[PDB]
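Here's a solo chain for you in structure tokens, the form deposited in one PDB entry.
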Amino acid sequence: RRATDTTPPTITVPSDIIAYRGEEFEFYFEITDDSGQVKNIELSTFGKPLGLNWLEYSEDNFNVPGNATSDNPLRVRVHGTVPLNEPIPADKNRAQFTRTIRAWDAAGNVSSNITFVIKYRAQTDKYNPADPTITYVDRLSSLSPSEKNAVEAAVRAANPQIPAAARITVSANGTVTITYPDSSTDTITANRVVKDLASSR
């Protein structure tokens, strides 16, 4: 047996972190140490400030004997919400944050930073609207207020998976726009939404 612990902790990072603007998400780091005890972690930008004030984790169970064994690793839950307005550039391969994590054991050994990547995307990437039941209208090019209400209700009823804070609008010819809370959108063309009532009876 060696008189001292000279080996830093080992960190496992999640391999495919995907976040949608305005929606809470979470991912876990798993950490072990040959001593069985991890003291704390640091999230950084390769040693510089993290710069993501919306990302949080709990220090529950940090620096407790036995908290970080091979059989029972330390599981660190990181969570937050990418801001509703976070800019997504034209090349969506650039819509990500690459950051680093390291950890200390109780003997002062600190691991070397390893990377993790938070990819983020518009809410319209998460949601795929189903077509509503058809609303039958008197004039295909000039919907009444009651017909627009019915279209919106039908679009909403065909899509309970879509967020309640998304806003559904309807044009004069029955074209549907779904505007998600982050202002990304989805469209349903009118021919999938309305049909002429007289033509259909």
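Throughout, rigid core stands for the largest set of C-alpha atoms superposing within 1.5 Å between the two forms. The first residue of the sequence shown is number 1, and the count goes up from there.
A second form of this protein, the form deposited in another entry, is not displayed here; the remarks below concern that form.
- Just one of 41, 137, 166, 31 moves its Cα by 2 Å or more between the shown form and the other one on a rigid core overlay, and this residue is 137.
- Residue 11: CA moves less than 2 Å between the shown form and the other one after rigid-core fitting.
- After superposition on the rigid core, the Cα atom of residue 150 is displaced by 2 Å or more between the shown form and the other one.
- After superposition on the rigid core, the Cα atom of residue 69 is displaced by less than 2 Å between the shown form and the other one.
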